[PDB]
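Visitor: Provided herewith is a single structure, encoded as structure tokens, for subsequent inquiry.
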Amino acid sequence: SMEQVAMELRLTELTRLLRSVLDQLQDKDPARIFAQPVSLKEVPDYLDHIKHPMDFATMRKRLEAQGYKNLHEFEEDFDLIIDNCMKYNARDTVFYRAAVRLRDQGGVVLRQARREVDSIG
């Protein structure tokens with residue numbers, strides 16, 4: 001159908017908006033602490049602590065499969081990256097502090113993306 005295509009054009013445009021948002025959030029992690037999954041070879045107990053691991057490369061694979069239906073699903077994944085870090089790592093660590101700064105700095109990008117998604121539809 002002609003509708004399904006119109007749907008697909010918006011999903012594609014959402015993917016286009018979300019890609020730009022992902023790049024902006026990831027620029028806020030210049031140390032690349034959140035770029036890749038936590039290694040199960042290097043932290044073999046990690047899944048005993050964190051049940052839903054997430055990282056920027058994993059979010060990107062989902063994004064490029066147009067696996068995000070709306071901004072809310074995308075935000076859930078971003079929030080996992082932060083909250084998992086803040087649980088696994090103690091307060092006085094470079095990792096925890098990196099997550100606090102990503103959360104704070106990402107807030108502004110996410111604020112505007114929500115207006116853009118409502119606005120453009």
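As shown in the structure tokens, the chain order sets the letters A, B, ...; within each chain, residues go from 1, and ligands are also counted from 1 in the order they appear.
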Residues of range 15-67 of chain A that approach range 99-109 of chain A to 9 Å or less, counting only C-alpha atoms: could you list each one with the shortest pair of atoms and its distance in Å to one decimal, rows by chain and increasing residue number, as CSV?
Guide:
```
residue,atom,partner,partner_atom,distance
A:21,CA,A:109,CA,6.9
A:24,CA,A:109,CA,7.2
A:25,CA,A:106,CA,5.6
A:26,CA,A:102,CA,8.5
A:28,CA,A:102,CA,5.9
A:29,CA,A:102,CA,6.5
A:33,CA,A:99,CA,8.8
A:34,CA,A:99,CA,8.6
```
Visitor: Those selected residues, please, written with C-alpha atoms and delivered as a PDB file, in the first residue's frame.
Guide:
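Dumped to part29.pdb:
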```pdb
ATOM      1  CA  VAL A  21      20.824  12.637  18.151  1.00  0.00           C
ATOM      2  CA  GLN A  24      25.466  14.297  19.465  1.00  0.00           C
ATOM      3  CA  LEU A  25      25.138  12.059  22.592  1.00  0.00           C
ATOM      4  CA  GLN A  26      28.214  10.096  21.691  1.00  0.00           C
ATOM      5  CA  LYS A  28      29.554  13.861  24.923  1.00  0.00           C
ATOM      6  CA  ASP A  29      31.663  10.713  25.676  1.00  0.00           C
ATOM      7  CA  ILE A  33      33.799   4.775  27.911  1.00  0.00           C
ATOM      8  CA  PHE A  34      30.328   3.871  26.500  1.00  0.00           C
TER       9      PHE A  34
END
```
Visitor: Tell me which of A:13, A:72, A:64, A:94 sits closest to residue 32 in chain A, counting only C-alpha atoms.
Guide: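 Checking each of A:13, A:72, A:64, A:94 against residue 32 in chain A, counting only C-alpha atoms, the winner is A:94.
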Visitor: Using only C-alpha atoms, which of the listed residues (A:117, A:17, A:85, A:59) sits closest to residue 98 in chain A?
Guide: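 Looking only at the distances to residue 98 in chain A, the closest residue turns out to be A:85.
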Visitor: Please, what distance in Å, to one decimal, runs between CA of residue 44 in chain A and CA of residue 87 in chain A?
Guide: 16.4 Å
Visitor: Given the choices A:5, A:11, A:120, A:110, which gets closest to residue 23 in chain A if the distance is worked out from only C-alpha atoms?
Guide: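 Among A:5, A:11, A:120, A:110, it is A:110 that comes nearest to residue 23 in chain A.
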Visitor: Check the DSSP output for the backbone and give back, as a ChimeraX atom specification, the residues of range 7-76 of chain A in helix (DSSP H, G or I).
Guide: /A:7-27,46-49,56-64,71-76
Visitor: Output N, CA and C atoms for every residue in the selection just made, as a tab-separated table (two decimals), in the first residue's frame.
Guide:
```tsv
chain	number	residue	atom	x	y	z
A	7	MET	N	4.24	5.60	6.01
A	7	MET	CA	4.74	5.10	7.31
A	7	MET	C	6.28	4.92	7.29
A	8	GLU	N	6.73	4.14	6.31
A	8	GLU	CA	8.14	3.86	6.08
A	8	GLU	C	9.00	5.12	5.81
A	9	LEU	N	8.44	6.14	5.15
A	9	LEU	CA	9.15	7.42	4.93
A	9	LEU	C	9.41	8.17	6.25
A	10	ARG	N	8.38	8.21	7.14
A	10	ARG	CA	8.46	8.76	8.53
A	10	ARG	C	9.40	7.92	9.43
A	11	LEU	N	9.23	6.60	9.51
A	11	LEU	CA	10.24	5.75	10.19
A	11	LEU	C	11.69	6.07	9.74
A	12	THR	N	11.86	6.33	8.45
A	12	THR	CA	13.15	6.59	7.87
A	12	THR	C	13.61	7.97	8.27
A	13	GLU	N	12.66	8.89	8.37
A	13	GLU	CA	13.01	10.23	8.79
A	13	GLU	C	13.28	10.27	10.32
A	14	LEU	N	12.60	9.41	11.07
A	14	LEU	CA	12.81	9.28	12.51
A	14	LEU	C	14.21	8.72	12.77
A	15	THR	N	14.54	7.66	12.02
A	15	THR	CA	15.88	7.10	11.97
A	15	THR	C	16.89	8.13	11.61
A	16	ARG	N	16.58	9.02	10.65
A	16	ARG	CA	17.46	10.11	10.29
A	16	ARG	C	17.67	11.11	11.42
A	17	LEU	N	16.59	11.47	12.12
A	17	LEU	CA	16.68	12.37	13.30
A	17	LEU	C	17.46	11.68	14.45
A	18	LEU	N	17.06	10.45	14.76
A	18	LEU	CA	17.70	9.69	15.83
A	18	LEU	C	19.20	9.45	15.58
A	19	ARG	N	19.61	9.28	14.33
A	19	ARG	CA	21.04	9.13	14.03
A	19	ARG	C	21.83	10.36	14.43
A	20	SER	N	21.28	11.53	14.11
A	20	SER	CA	21.91	12.79	14.43
A	20	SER	C	22.01	12.95	15.98
A	21	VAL	N	20.89	12.68	16.67
A	21	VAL	CA	20.82	12.64	18.15
A	21	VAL	C	21.90	11.65	18.69
A	22	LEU	N	22.02	10.47	18.11
A	22	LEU	CA	23.00	9.51	18.65
A	22	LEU	C	24.41	10.08	18.55
A	23	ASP	N	24.72	10.72	17.41
A	23	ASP	CA	26.05	11.32	17.20
A	23	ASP	C	26.32	12.41	18.23
A	24	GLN	N	25.35	13.27	18.45
A	24	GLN	CA	25.47	14.30	19.46
A	24	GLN	C	25.68	13.72	20.87
A	25	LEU	N	24.99	12.64	21.21
A	25	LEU	CA	25.14	12.06	22.59
A	25	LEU	C	26.52	11.43	22.74
A	26	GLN	N	26.94	10.76	21.69
A	26	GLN	CA	28.21	10.10	21.69
A	26	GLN	C	29.39	11.08	21.71
A	27	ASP	N	29.26	12.26	21.08
A	27	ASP	CA	30.28	13.34	21.23
A	27	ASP	C	30.48	13.78	22.69
A	46	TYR	N	29.78	-9.77	34.83
A	46	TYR	CA	29.02	-8.56	34.61
A	46	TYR	C	27.50	-8.83	34.58
A	47	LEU	N	27.10	-9.91	33.95
A	47	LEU	CA	25.68	-10.28	33.83
A	47	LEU	C	25.04	-10.71	35.16
A	48	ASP	N	25.85	-11.06	36.17
A	48	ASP	CA	25.32	-11.24	37.53
A	48	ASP	C	24.88	-9.90	38.14
A	49	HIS	N	25.40	-8.78	37.62
A	49	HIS	CA	25.13	-7.45	38.13
A	49	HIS	C	24.11	-6.69	37.24
A	56	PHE	N	26.76	2.38	23.00
A	56	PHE	CA	26.50	3.12	21.81
A	56	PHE	C	26.60	2.29	20.53
A	57	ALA	N	27.51	1.32	20.44
A	57	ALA	CA	27.58	0.53	19.16
A	57	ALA	C	26.30	-0.36	18.99
A	58	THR	N	25.79	-0.85	20.11
A	58	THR	CA	24.59	-1.71	20.13
A	58	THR	C	23.37	-0.85	19.75
A	59	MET	N	23.33	0.38	20.21
A	59	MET	CA	22.21	1.29	19.91
A	59	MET	C	22.21	1.63	18.42
A	60	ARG	N	23.42	1.83	17.89
A	60	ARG	CA	23.63	2.06	16.49
A	60	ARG	C	23.19	0.89	15.58
A	61	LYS	N	23.48	-0.33	15.96
A	61	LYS	CA	23.01	-1.48	15.18
A	61	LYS	C	21.48	-1.49	15.18
A	62	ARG	N	20.86	-1.27	16.33
A	62	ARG	CA	19.39	-1.23	16.37
A	62	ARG	C	18.85	-0.07	15.50
A	63	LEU	N	19.39	1.11	15.68
A	63	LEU	CA	19.05	2.26	14.85
A	63	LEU	C	19.10	1.96	13.34
A	64	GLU	N	20.19	1.38	12.86
A	64	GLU	CA	20.36	1.20	11.41
A	64	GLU	C	19.48	0.07	10.86
A	71	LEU	N	11.07	7.99	19.77
A	71	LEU	CA	12.08	8.53	20.66
A	71	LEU	C	12.09	7.89	22.06
A	72	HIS	N	10.95	7.49	22.58
A	72	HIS	CA	10.90	6.92	23.95
A	72	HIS	C	11.76	5.62	24.05
A	73	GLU	N	11.65	4.75	23.06
A	73	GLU	CA	12.44	3.51	23.02
A	73	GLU	C	13.98	3.82	22.98
A	74	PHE	N	14.35	4.81	22.21
A	74	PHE	CA	15.71	5.28	22.06
A	74	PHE	C	16.23	5.81	23.39
A	75	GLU	N	15.44	6.62	24.05
A	75	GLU	CA	15.77	7.12	25.37
A	75	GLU	C	15.95	6.03	26.40
A	76	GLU	N	15.07	5.03	26.39
A	76	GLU	CA	15.23	3.90	27.30
A	76	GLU	C	16.64	3.28	27.20
```
Visitor: Work out how far apart CA of residue 37 in chain A and CA of residue 67 in chain A are and give it in Å to one decimal.
Guide: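 These two atoms are separated by 18.4 Å.
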